[PDB]
Amino acid sequence: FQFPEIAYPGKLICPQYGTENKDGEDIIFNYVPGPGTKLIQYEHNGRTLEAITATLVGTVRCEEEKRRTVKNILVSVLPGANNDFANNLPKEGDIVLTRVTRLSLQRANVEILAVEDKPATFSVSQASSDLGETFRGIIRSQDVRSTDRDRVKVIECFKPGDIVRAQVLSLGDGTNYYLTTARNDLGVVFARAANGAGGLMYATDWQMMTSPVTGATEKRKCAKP
Amino acid sequence: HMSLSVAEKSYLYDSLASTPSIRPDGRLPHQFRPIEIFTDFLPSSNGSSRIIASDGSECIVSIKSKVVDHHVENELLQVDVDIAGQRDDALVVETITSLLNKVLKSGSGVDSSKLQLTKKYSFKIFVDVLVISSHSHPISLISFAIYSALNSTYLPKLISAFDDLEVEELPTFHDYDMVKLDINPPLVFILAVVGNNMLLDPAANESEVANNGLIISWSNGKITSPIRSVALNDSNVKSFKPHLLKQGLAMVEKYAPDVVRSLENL
Amino acid sequence: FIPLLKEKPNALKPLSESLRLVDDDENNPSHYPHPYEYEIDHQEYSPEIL
Amino acid sequence: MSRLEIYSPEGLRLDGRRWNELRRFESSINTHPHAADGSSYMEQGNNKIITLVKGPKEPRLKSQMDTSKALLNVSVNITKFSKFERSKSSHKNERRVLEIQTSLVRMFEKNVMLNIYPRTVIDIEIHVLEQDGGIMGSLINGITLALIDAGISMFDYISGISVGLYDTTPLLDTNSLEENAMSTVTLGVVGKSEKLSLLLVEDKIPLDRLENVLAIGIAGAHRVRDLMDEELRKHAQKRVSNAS
Amino acid sequence: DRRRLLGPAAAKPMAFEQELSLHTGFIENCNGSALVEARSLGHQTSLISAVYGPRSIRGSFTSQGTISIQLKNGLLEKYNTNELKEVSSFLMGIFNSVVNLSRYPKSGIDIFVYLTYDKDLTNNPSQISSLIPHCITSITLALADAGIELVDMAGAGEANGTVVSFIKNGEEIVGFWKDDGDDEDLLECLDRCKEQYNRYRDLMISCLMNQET
Amino acid sequence: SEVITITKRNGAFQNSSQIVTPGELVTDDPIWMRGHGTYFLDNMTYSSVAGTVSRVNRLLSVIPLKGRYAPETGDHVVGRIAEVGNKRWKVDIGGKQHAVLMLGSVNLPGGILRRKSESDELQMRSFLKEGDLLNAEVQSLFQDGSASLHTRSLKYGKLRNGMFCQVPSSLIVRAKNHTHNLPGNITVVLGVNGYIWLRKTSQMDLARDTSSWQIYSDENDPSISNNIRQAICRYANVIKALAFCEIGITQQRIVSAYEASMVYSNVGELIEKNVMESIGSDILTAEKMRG
């Protein structure tokens, strides 16, 4: 109640540290910056001071996350259709929907489109696909499947234009992210026959994708619903 | 321009942002670095100068004249800025060009009366700037060169009568004889803001860590427009207290005549 | 390693001067000096190979 | 308004020179140490040229990189105040200038092996401060001097010269007035040889004249080459004296 | 011209109470947009600011963001291209202090400011200086609407050709533009523009609250 | 000259053993082995550069008067990273090409205790980042002449607690050691490439005269006195002064100049030409009457 519910960018919310008196003992509230907030420095009358300042126009929400007691409060600002979602960025362990841009022999490079959130909902990264400003990622041949990691035919796994759900092992370099489809819930999700020329195809077996329209069957790496 | 590591920049800031400010070199907050100036080396032009800084920064200014009708030609002094190996279009070039043209306007910081020939014709002055090399904002470097050049410029002398309204004689100039261009070129000083300190003639490494900067013009023994705050770099730019702005204007106001005195020597 | 060399034909420097002990540098540990180092650096190549 | 001739019966030209005189030559090495690896300031007559050699160094773009030879670039900046009448527009994109730049590159591509600096770039920046005829020949001499100052290996000197023709006899080293009056031939000469790196004729020239005109130019270029060696050696002697 | 249609080249061109209106988020082409309209006396100014970013730059090793600002002539061709570059350089010197750059490493933020119109009435028996505080107002709104983190609200004012931009409630300065005018107006212009700043600030904050609501 | 020293000049653009000339012939003895700076045709050997003729054994070469610094194997150089790519950095040294570094040529924090990780090649920017300065030794040489660097030592690594300055590489020669301790509690690092680092003397330097997790931290020593800072500035200016006079920089020369410069109260007085020229001249004459 002490801190305003809604803060515009540049509005002071709460100081660095805080405390209160209850049950005959001092409870220490530790304020930490979050999404929409930024800890900056302000000085008055020759006095230095650090306080949590909102950087986005939104309602403000706090949440506790972890003799003498001990506490930790998370201060953040939430906006409040169009969605932007910049804070969202591919990090080790996240699941990401990608599209195959090109196929090589020892690997398969793609481009990042959307990223799966946490408890399905997704965060769509809006970018121009005809420029190259879109985040690029590379799926190694050893990261295709846990079964027989050594010898893997990349032609019989992915295909130019096919949508692949994967999980990023690491950032890698600025060029390529590291992608693995080793587990069951990862693999080619949406695809069409003949590089997109034919009809839609659906996933049946983990290593087989069929099309219940033209009766065409192409070998892919399919995931599990 | 200069590339420095995070460690070096912080050390520089500590050295310069200190209450007793120390230049990495050891200069005082009002001391300029030694420069060399050559003049009158382009016989093809009416005036010329060449300034060399201590860091190898070099600028060449040329002054050419042209008889124009001042009734149709509003601007009687045109500044042109260039750099070899550099595209003309660049943000820095046009900004300095626009800035310099304001510094040397016809009715702002220049006695345009000395350019008038007759009722109807006057001398258009073309100030061409060529920056061969520079490692910081060359605005003050160019300013010193333009000053030196304009103080050693010689224009043709008129012979015919100066009343085109009645008799209307074609502008003719006597051979050989020329008249020295008596004029008062303004100067442009650039300052650096590091914390609460203000430095005259910012070095390359100094400008990189500066919080802000000032561009202050100087003419007729007083501060004059254009006055512009400027980000010397773009990674450490911060807002500044108003007293710093007043400190900078005061700093120039007392050290400028010293600069002009060392610069006014023929 | 102590060179096994006991004679030095085609010498510009005495074998004597060649076999010597040098105190170790703080920067670098001391080693016995190759015995024909001088000869290699300052003996002249036959005109023919060139 | 005035009028003027070319060559008088008294054997005198419009400027006073006779048919076979080189203009005043001044040469200058290591003029911009803090701006380039090699530098030269040329004064051939009223011509004033700054030449900067930057390299060999890392290319700014890995796309433009040769693993067998260095990349040689030349940019000529003819300033708007080079002539008596200031040019309103920039001359940088001018087809005449692109040909000049191209010509100079072709010339020195065969004069530097350019096989010993792979994966590097040599950038040559030129600033023409003042122009008065034979600017092409002066450009050649400026690059040759600056390249040598940079310690960049080359097979030999390349000396540039300007030729002026009237009636039977050509005039050595032409100025703008003569250049205006009569057709000129620009010659690129390699070392003390008779081999031409650059042969440039842009105006009409009788076919009888050229063999003799070439002979005059080659002889004059040899004198120019000798002067350049003297100019650098003399400077070295002067510099040593200064050190002492 | 083989790029556009310039028409006949042998032809010649033709020879002859503060009020604010703020609107943001009306362009779906970019990440943030803003409309600023100001009418004082016989003089009025309407400009549009478009923000695109932050978008990742491939191979970029910059530990902070990179701001680029460009002013354009929407309708009336008045201001010189050289002068537009100068203001752009001035504007970037301001928001590099305003924008929290540490938040967008290896990224870049492009800012497009369209000066569609300005109307000038002059009686007969600088110029762009008056538009500057409106450009700052537009950009600060467009950035805040886009989601870009700003350390403080950037605003400015124009007094006798002397423009000075303030943040942290007028306590400090993020930009200073002085052209022509008169001397000894240092203290006066700093006080008059500070009032314009506070006025422009509250309307800017209210604007976000309104549209955001 | 109270505020600015402006030297002026009019009417001029600027101010002011066998002889060798271009097209010159050095020798006509076909027995010679032609080295750098030369070229040959049958018996005749010509010069390709302007310099002095050098005869070592049977190897005839011409040493140029000017040129780029050349990396020899085993040189102690100081370089600033130019680019990070793949599993290597390219570090500016000041030669024709950028220095080459291999992820396997550097030493990780925690060292021997540390276990090999395949994430290091993707996180090289956390060790060396563009702009960072460092000590390094020229480990090997490529075919063209490029250098491969290494920092596999406590002596080598990221630089901090000081300031950078550079002189022509010709003024710094090879020696037994290029790191030196000087009066004023400051330490100089004289790279053979001409790149010089002046810092506050650390424990490492002191030990030589007689934490492995923070070997890549951008953070400086939080406690650096003004007396050290003002010493660095003075050492910097005198080094620039020695360089201005074409004087070879050596540890003896630097300390000698540093104490000799004490005549001048303000450190900023050392930037003027006449001061620099006299300081260098006083050093040469001092070595004259002492030698």
# chains A, B, ... in the order shown; residues from 1 in each chain; ligands from 1

call {"tool": "select_by_dssp", "arguments": {"residues": "region 92-281 of chain F", "states": "alpha helix (DSSP H)", "output": "PyMOL selection string"}}
result
chain F and resi 203-209+226-244+251-260+273-281

call {"tool": "residues_around", "arguments": {"residues": "residue 177 (chain F)", "least_positions_apart": "6", "cutoff": "9 Å", "atoms": "only C-alpha atoms", "output": "ChimeraX atom specification"}}
result
/C:27 /F:76,190

call {"tool": "residues_around", "arguments": {"residues": "residue 133 (chain D)", "least_positions_apart": "4", "cutoff": "12 Å", "atoms": "only C-alpha atoms", "output": "count of residues only"}}
result
30

call {"tool": "interface_residues", "arguments": {"of": "chain D", "to": "chain B", "cutoff": "9 Å", "atoms": "only C-alpha atoms", "output": "JSON, numbers by chain"}}
result
{"D": [32, 33, 34, 35, 46, 48, 75, 76, 77, 79, 80, 81, 82, 83, 84, 85, 86, 125, 126, 127, 129, 130, 131]}

call {"tool": "interface_residues", "arguments": {"of": "chain F", "to": "chain D", "cutoff": "8 Å", "atoms": "only C-alpha atoms", "output": "ChimeraX atom specification"}}
result
/F:19-23,37,39,48-50,64-68,95-98,144

call {"tool": "write_last_selection", "arguments": {"atoms": "N, CA and C atoms", "output": "compact mmCIF listing (two decimals), in the first residue's frame"}}
result
# COMPACT_ATOMS: atom_id res chain seq x y z
N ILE F 19 76.38 5.64 -51.20
CA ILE F 19 75.04 6.21 -51.32
C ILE F 19 74.08 5.25 -52.02
N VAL F 20 72.81 5.29 -51.63
CA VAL F 20 71.80 4.43 -52.24
C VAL F 20 70.69 5.22 -52.93
N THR F 21 70.40 4.87 -54.18
CA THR F 21 69.34 5.52 -54.94
C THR F 21 68.54 4.49 -55.75
N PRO F 22 67.28 4.81 -56.05
CA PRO F 22 66.44 3.90 -56.83
C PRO F 22 67.01 3.66 -58.22
N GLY F 23 66.96 2.41 -58.67
CA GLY F 23 67.55 2.02 -59.94
C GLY F 23 69.03 1.79 -59.76
N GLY F 37 64.86 -6.59 -49.20
CA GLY F 37 65.23 -5.27 -49.67
C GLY F 37 65.97 -5.28 -50.99
N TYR F 39 66.61 -7.33 -55.10
CA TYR F 39 66.17 -8.21 -56.17
C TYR F 39 67.31 -8.31 -57.18
N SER F 48 65.53 -2.72 -53.65
CA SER F 48 64.10 -2.53 -53.84
C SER F 48 63.56 -1.44 -52.93
N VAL F 49 64.33 -1.11 -51.90
CA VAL F 49 63.92 -0.08 -50.94
C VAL F 49 65.01 0.97 -50.76
N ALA F 50 64.68 2.02 -50.02
CA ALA F 50 65.66 3.03 -49.66
C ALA F 50 66.19 2.73 -48.27
N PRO F 64 65.76 -1.28 -44.77
CA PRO F 64 64.99 -0.06 -45.05
C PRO F 64 65.14 0.97 -43.94
N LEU F 65 65.00 2.25 -44.29
CA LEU F 65 65.05 3.32 -43.31
C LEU F 65 63.73 3.38 -42.54
N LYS F 66 62.64 3.01 -43.21
CA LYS F 66 61.33 3.02 -42.58
C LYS F 66 60.57 1.72 -42.85
N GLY F 67 59.47 1.52 -42.13
CA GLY F 67 58.58 0.41 -42.40
C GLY F 67 57.81 -0.11 -41.20
N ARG F 68 56.95 -1.10 -41.45
CA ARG F 68 56.16 -1.73 -40.40
C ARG F 68 57.00 -2.61 -39.47
N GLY F 95 50.95 -4.40 -36.45
CA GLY F 95 51.64 -4.90 -37.62
C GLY F 95 50.78 -4.83 -38.86
N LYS F 96 51.17 -5.57 -39.89
CA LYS F 96 50.41 -5.61 -41.13
C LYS F 96 49.09 -6.35 -40.93
N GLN F 97 49.10 -7.34 -40.05
CA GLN F 97 47.91 -8.15 -39.79
C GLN F 97 47.64 -8.28 -38.30
N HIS F 98 46.39 -8.56 -37.96
CA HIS F 98 45.98 -8.74 -36.58
C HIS F 98 46.56 -10.00 -35.98
N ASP F 144 52.71 -16.45 -43.87
CA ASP F 144 52.85 -15.08 -44.35
C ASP F 144 53.69 -14.22 -43.41

call {"tool": "residues_around", "arguments": {"residues": "residue 32 (chain C)", "least_positions_apart": "2", "cutoff": "12 Å", "atoms": "only C-alpha atoms", "output": "PyMOL selection string"}}
result
chain C and resi 1-4+17-24+29-30+34-37

call {"tool": "write_last_selection", "arguments": {"atoms": "C-alpha atoms", "output": "PDB file, in the first residue's frame"}}
result
ATOM      1  CA  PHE C   1      72.772 -32.033 -20.977  1.00  0.00           C
ATOM      2  CA  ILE C   2      76.549 -32.033 -21.309  1.00  0.00           C
ATOM      3  CA  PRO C   3      77.692 -32.115 -24.939  1.00  0.00           C
ATOM      4  CA  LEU C   4      79.585 -35.271 -25.839  1.00  0.00           C
ATOM      5  CA  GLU C  17      85.222 -20.855 -24.591  1.00  0.00           C
ATOM      6  CA  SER C  18      82.486 -23.056 -25.990  1.00  0.00           C
ATOM      7  CA  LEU C  19      82.232 -25.258 -22.906  1.00  0.00           C
ATOM      8  CA  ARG C  20      81.190 -22.910 -20.106  1.00  0.00           C
ATOM      9  CA  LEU C  21      78.628 -22.369 -17.348  1.00  0.00           C
ATOM     10  CA  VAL C  22      76.244 -19.406 -17.334  1.00  0.00           C
ATOM     11  CA  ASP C  23      74.220 -18.274 -14.322  1.00  0.00           C
ATOM     12  CA  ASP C  24      70.451 -18.657 -14.669  1.00  0.00           C
ATOM     13  CA  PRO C  29      66.709 -21.102 -16.562  1.00  0.00           C
ATOM     14  CA  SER C  30      70.379 -21.616 -17.475  1.00  0.00           C
ATOM     15  CA  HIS C  34      75.403 -25.198 -28.145  1.00  0.00           C
ATOM     16  CA  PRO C  35      79.051 -25.564 -29.043  1.00  0.00           C
ATOM     17  CA  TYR C  36      78.871 -24.382 -32.673  1.00  0.00           C
ATOM     18  CA  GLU C  37      76.386 -21.597 -32.125  1.00  0.00           C
TER      19      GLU C  37
END

call {"tool": "interface_residues", "arguments": {"of": "chain F", "to": "chain A", "cutoff": "9 Å", "atoms": "only C-alpha atoms", "output": "PyMOL selection string"}}
result
chain F and resi 85-86+119+121-123

call {"tool": "write_last_selection", "arguments": {"atoms": "N, CA and C atoms", "output": "short mmCIF file (atom, residue, chain, number, x, y, z; two decimals), in the first residue's frame"}}
result
data_model
loop_
_atom_site.label_atom_id
_atom_site.label_comp_id
_atom_site.auth_asym_id
_atom_site.auth_seq_id
_atom_site.Cartn_x
_atom_site.Cartn_y
_atom_site.Cartn_z
N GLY F 85 36.07 -14.19 -32.88
CA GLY F 85 35.37 -15.07 -33.78
C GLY F 85 35.71 -16.51 -33.51
N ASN F 86 34.74 -17.40 -33.69
CA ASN F 86 35.03 -18.81 -33.56
C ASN F 86 35.65 -19.10 -32.20
N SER F 119 31.78 -25.15 -23.60
CA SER F 119 31.02 -23.90 -23.58
C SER F 119 31.95 -22.70 -23.60
N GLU F 121 34.28 -22.09 -25.84
CA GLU F 121 34.40 -21.62 -27.22
C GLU F 121 33.21 -20.75 -27.63
N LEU F 122 32.12 -20.86 -26.88
CA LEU F 122 30.93 -20.07 -27.14
C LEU F 122 30.84 -18.87 -26.20
N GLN F 123 31.72 -18.83 -25.21
CA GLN F 123 31.71 -17.76 -24.22
C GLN F 123 33.09 -17.10 -24.11
#

call {"tool": "atom_distance", "arguments": {"atom1": "CA of residue 73 (chain E)", "atom2": "CA of residue 47 (chain E)"}}
result
9.6 Å

call {"tool": "residues_around", "arguments": {"residues": "region 91-106 of chain B", "least_positions_apart": "4", "cutoff": "6 Å", "atoms": "only C-alpha atoms", "output": "PyMOL selection string"}}
result
(chain B and resi 76+79+81+110+112) or (chain E and resi 82-83+85-86)

call {"tool": "write_last_selection", "arguments": {"atoms": "N, CA, C and O atoms", "output": "PDB file, in the first residue's frame"}}
result
ATOM      1  N   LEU B  76      26.435  35.535 -47.864  1.00  0.00           N
ATOM      2  CA  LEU B  76      27.643  36.071 -48.481  1.00  0.00           C
ATOM      3  C   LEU B  76      28.897  35.318 -48.041  1.00  0.00           C
ATOM      4  O   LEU B  76      30.005  35.630 -48.479  1.00  0.00           O
ATOM      5  N   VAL B  79      30.483  28.110 -45.977  1.00  0.00           N
ATOM      6  CA  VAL B  79      31.474  27.183 -45.449  1.00  0.00           C
ATOM      7  C   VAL B  79      31.245  25.779 -45.995  1.00  0.00           C
ATOM      8  O   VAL B  79      30.133  25.251 -45.925  1.00  0.00           O
ATOM      9  N   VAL B  81      32.689  21.802 -45.810  1.00  0.00           N
ATOM     10  CA  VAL B  81      33.554  20.858 -45.075  1.00  0.00           C
ATOM     11  C   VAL B  81      33.777  19.485 -45.743  1.00  0.00           C
ATOM     12  O   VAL B  81      32.827  18.851 -46.199  1.00  0.00           O
ATOM     13  N   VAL B 110      30.135  38.200 -38.279  1.00  0.00           N
ATOM     14  CA  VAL B 110      31.036  38.657 -39.333  1.00  0.00           C
ATOM     15  C   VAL B 110      30.624  40.033 -39.861  1.00  0.00           C
ATOM     16  O   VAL B 110      29.453  40.268 -40.157  1.00  0.00           O
ATOM     17  N   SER B 112      30.030  41.934 -42.529  1.00  0.00           N
ATOM     18  CA  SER B 112      29.804  41.745 -43.961  1.00  0.00           C
ATOM     19  C   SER B 112      29.911  43.048 -44.754  1.00  0.00           C
ATOM     20  O   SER B 112      29.810  43.042 -45.982  1.00  0.00           O
TER      21      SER B 112
ATOM     22  N   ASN E  82      21.287  19.545 -44.399  1.00  0.00           N
ATOM     23  CA  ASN E  82      22.425  19.722 -43.505  1.00  0.00           C
ATOM     24  C   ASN E  82      21.981  20.078 -42.091  1.00  0.00           C
ATOM     25  O   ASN E  82      22.581  19.637 -41.112  1.00  0.00           O
ATOM     26  N   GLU E  83      20.927  20.880 -41.991  1.00  0.00           N
ATOM     27  CA  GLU E  83      20.419  21.316 -40.696  1.00  0.00           C
ATOM     28  C   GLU E  83      19.649  20.199 -40.000  1.00  0.00           C
ATOM     29  O   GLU E  83      19.647  20.105 -38.772  1.00  0.00           O
ATOM     30  N   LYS E  85      20.389  17.070 -40.178  1.00  0.00           N
ATOM     31  CA  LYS E  85      21.410  16.187 -39.631  1.00  0.00           C
ATOM     32  C   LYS E  85      21.950  16.739 -38.316  1.00  0.00           C
ATOM     33  O   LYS E  85      22.299  15.979 -37.412  1.00  0.00           O
ATOM     34  N   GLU E  86      22.017  18.064 -38.219  1.00  0.00           N
ATOM     35  CA  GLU E  86      22.539  18.724 -37.027  1.00  0.00           C
ATOM     36  C   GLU E  86      21.617  18.517 -35.836  1.00  0.00           C
ATOM     37  O   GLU E  86      22.069  18.190 -34.738  1.00  0.00           O
TER      38      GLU E  86
END

call {"tool": "interface_residues", "arguments": {"of": "chain F", "to": "chain E", "cutoff": "9 Å", "atoms": "only C-alpha atoms", "output": "JSON, numbers by chain"}}
result
{"F": [84, 125, 129, 130]}

call {"tool": "select_by_dssp", "arguments": {"residues": "region 15-114 of chain A", "states": "strand (DSSP E or B)", "output": "ChimeraX atom specification"}}
result
/A:15,17-22,25-32,37-41,44,47,50-54,58-64,73-79,95-103,107-114

call {"tool": "atom_distance", "arguments": {"atom1": "CA of residue 222 (chain B)", "atom2": "CA of residue 107 (chain B)"}}
result
16.1 Å

call {"tool": "atom_distance", "arguments": {"atom1": "CA of residue 117 (chain A)", "atom2": "CA of residue 166 (chain A)"}}
result
13.4 Å

call {"tool": "residues_around", "arguments": {"residues": "region 25-32 of chain F", "least_positions_apart": "2", "cutoff": "7 Å", "atoms": "only C-alpha atoms", "output": "MDAnalysis selection string"}}
result
(chainID C and resid 47 50) or (chainID F and resid 23 34 42:47 58:60)

call {"tool": "write_last_selection", "arguments": {"atoms": "N, CA, C and O atoms", "output": "PDB file, in the first residue's frame"}}
result
ATOM      1  N   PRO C  47      80.183 -20.693 -51.862  1.00  0.00           N
ATOM      2  CA  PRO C  47      79.600 -19.885 -52.934  1.00  0.00           C
ATOM      3  C   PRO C  47      78.665 -20.744 -53.765  1.00  0.00           C
ATOM      4  O   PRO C  47      77.646 -20.267 -54.264  1.00  0.00           O
ATOM      5  N   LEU C  50      74.723 -21.341 -53.586  1.00  0.00           N
ATOM      6  CA  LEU C  50      73.992 -20.099 -53.798  1.00  0.00           C
ATOM      7  C   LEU C  50      73.824 -19.580 -55.220  1.00  0.00           C
ATOM      8  O   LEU C  50      73.120 -18.591 -55.438  1.00  0.00           O
TER       9      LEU C  50
ATOM     10  N   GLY F  23      66.963   2.414 -58.672  1.00  0.00           N
ATOM     11  CA  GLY F  23      67.547   2.025 -59.941  1.00  0.00           C
ATOM     12  C   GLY F  23      69.033   1.786 -59.760  1.00  0.00           C
ATOM     13  O   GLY F  23      69.753   1.480 -60.709  1.00  0.00           O
ATOM     14  N   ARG F  34      70.853 -13.210 -52.127  1.00  0.00           N
ATOM     15  CA  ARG F  34      70.045 -12.002 -52.016  1.00  0.00           C
ATOM     16  C   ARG F  34      68.966 -12.141 -50.947  1.00  0.00           C
ATOM     17  O   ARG F  34      68.180 -13.089 -50.963  1.00  0.00           O
ATOM     18  N   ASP F  42      70.509 -12.186 -63.070  1.00  0.00           N
ATOM     19  CA  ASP F  42      71.811 -12.790 -63.349  1.00  0.00           C
ATOM     20  C   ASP F  42      72.832 -12.399 -62.280  1.00  0.00           C
ATOM     21  O   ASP F  42      72.698 -12.779 -61.117  1.00  0.00           O
ATOM     22  N   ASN F  43      73.845 -11.635 -62.676  1.00  0.00           N
ATOM     23  CA  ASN F  43      74.901 -11.234 -61.752  1.00  0.00           C
ATOM     24  C   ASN F  43      74.563  -9.975 -60.957  1.00  0.00           C
ATOM     25  O   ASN F  43      75.032  -9.796 -59.833  1.00  0.00           O
ATOM     26  N   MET F  44      73.748  -9.106 -61.546  1.00  0.00           N
ATOM     27  CA  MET F  44      73.412  -7.829 -60.926  1.00  0.00           C
ATOM     28  C   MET F  44      72.409  -7.965 -59.782  1.00  0.00           C
ATOM     29  O   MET F  44      71.385  -8.634 -59.913  1.00  0.00           O
ATOM     30  N   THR F  45      72.719  -7.324 -58.660  1.00  0.00           N
ATOM     31  CA  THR F  45      71.816  -7.275 -57.515  1.00  0.00           C
ATOM     32  C   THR F  45      71.394  -5.833 -57.257  1.00  0.00           C
ATOM     33  O   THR F  45      72.233  -4.964 -57.027  1.00  0.00           O
ATOM     34  N   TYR F  46      70.088  -5.584 -57.296  1.00  0.00           N
ATOM     35  CA  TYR F  46      69.571  -4.231 -57.132  1.00  0.00           C
ATOM     36  C   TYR F  46      68.856  -4.053 -55.797  1.00  0.00           C
ATOM     37  O   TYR F  46      68.531  -5.029 -55.120  1.00  0.00           O
ATOM     38  N   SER F  47      68.618  -2.800 -55.426  1.00  0.00           N
ATOM     39  CA  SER F  47      67.881  -2.489 -54.206  1.00  0.00           C
ATOM     40  C   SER F  47      66.412  -2.234 -54.519  1.00  0.00           C
ATOM     41  O   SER F  47      66.084  -1.614 -55.530  1.00  0.00           O
ATOM     42  N   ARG F  58      77.302 -14.488 -46.233  1.00  0.00           N
ATOM     43  CA  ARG F  58      77.103 -14.443 -47.681  1.00  0.00           C
ATOM     44  C   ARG F  58      75.753 -13.835 -48.073  1.00  0.00           C
ATOM     45  O   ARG F  58      75.384 -13.832 -49.247  1.00  0.00           O
ATOM     46  N   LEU F  59      75.018 -13.337 -47.084  1.00  0.00           N
ATOM     47  CA  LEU F  59      73.642 -12.894 -47.281  1.00  0.00           C
ATOM     48  C   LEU F  59      73.565 -11.378 -47.437  1.00  0.00           C
ATOM     49  O   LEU F  59      73.662 -10.637 -46.459  1.00  0.00           O
ATOM     50  N   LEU F  60      73.392 -10.923 -48.673  1.00  0.00           N
ATOM     51  CA  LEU F  60      73.284  -9.495 -48.944  1.00  0.00           C
ATOM     52  C   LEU F  60      71.828  -9.053 -48.886  1.00  0.00           C
ATOM     53  O   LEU F  60      70.970  -9.602 -49.577  1.00  0.00           O
TER      54      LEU F  60
END

call {"tool": "interface_residues", "arguments": {"of": "chain C", "to": "chain F", "cutoff": "12 Å", "atoms": "only C-alpha atoms", "output": "ChimeraX atom specification"}}
result
/C:24-29,39-50

call {"tool": "residues_around", "arguments": {"residues": "residue 87 (chain A)", "least_positions_apart": "5", "cutoff": "12 Å", "atoms": "only C-alpha atoms", "output": "VMD selection string"}}
result
(chain A and resid 34 to 37 56 78 115 117 123 to 125) or (chain E and resid 54 103 to 104 147 to 149)

call {"tool": "interface_residues", "arguments": {"of": "chain B", "to": "chain F", "cutoff": "8 Å", "atoms": "only C-alpha atoms", "output": "tab-separated table (two decimals) with C-alpha atoms, in the first residue's frame"}}
result
chain	number	residue	atom	x	y	z
B	3	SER	CA	38.97	2.32	-28.70
B	4	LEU	CA	39.58	1.74	-24.98
B	5	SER	CA	38.88	-1.13	-22.59
B	6	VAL	CA	36.49	-0.80	-19.65
B	7	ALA	CA	39.42	-0.72	-17.22
B	8	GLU	CA	41.26	2.08	-19.02
B	10	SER	CA	37.38	3.97	-15.56
B	11	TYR	CA	40.95	4.89	-14.67
B	12	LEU	CA	40.76	7.89	-16.99
B	15	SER	CA	42.10	10.75	-13.08
B	22	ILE	CA	44.45	15.80	-13.52
B	23	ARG	CA	44.86	15.30	-17.24
B	24	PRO	CA	46.35	11.94	-18.18
B	25	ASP	CA	49.00	14.13	-19.75
B	26	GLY	CA	49.03	16.45	-16.73
B	27	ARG	CA	47.37	19.52	-18.23
B	28	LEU	CA	45.26	22.04	-16.34
B	30	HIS	CA	42.22	25.41	-19.24
B	31	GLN	CA	45.46	24.44	-20.98
B	32	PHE	CA	45.44	23.71	-24.71
B	33	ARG	CA	47.84	21.36	-26.48
B	34	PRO	CA	50.53	22.92	-28.73
B	35	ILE	CA	49.51	23.54	-32.34
B	36	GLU	CA	51.32	24.65	-35.50
B	37	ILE	CA	49.78	27.00	-38.07
B	38	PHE	CA	50.90	27.72	-41.63
B	39	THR	CA	49.35	30.50	-43.73
B	40	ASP	CA	49.46	31.94	-47.26
B	41	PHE	CA	50.74	28.81	-49.01
B	42	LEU	CA	48.02	28.62	-51.66
B	50	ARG	CA	47.02	24.69	-42.25
B	255	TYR	CA	40.57	32.09	-21.33
B	258	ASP	CA	44.50	34.47	-24.13
B	259	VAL	CA	43.91	32.13	-27.07
B	262	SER	CA	48.38	33.90	-29.19
B	263	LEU	CA	46.41	33.61	-32.42

call {"tool": "interface_residues", "arguments": {"of": "chain E", "to": "chain B", "cutoff": "6 Å", "atoms": "only C-alpha atoms", "output": "PyMOL selection string"}}
result
chain E and resi 82-83+85-86+93+96-97+172-180
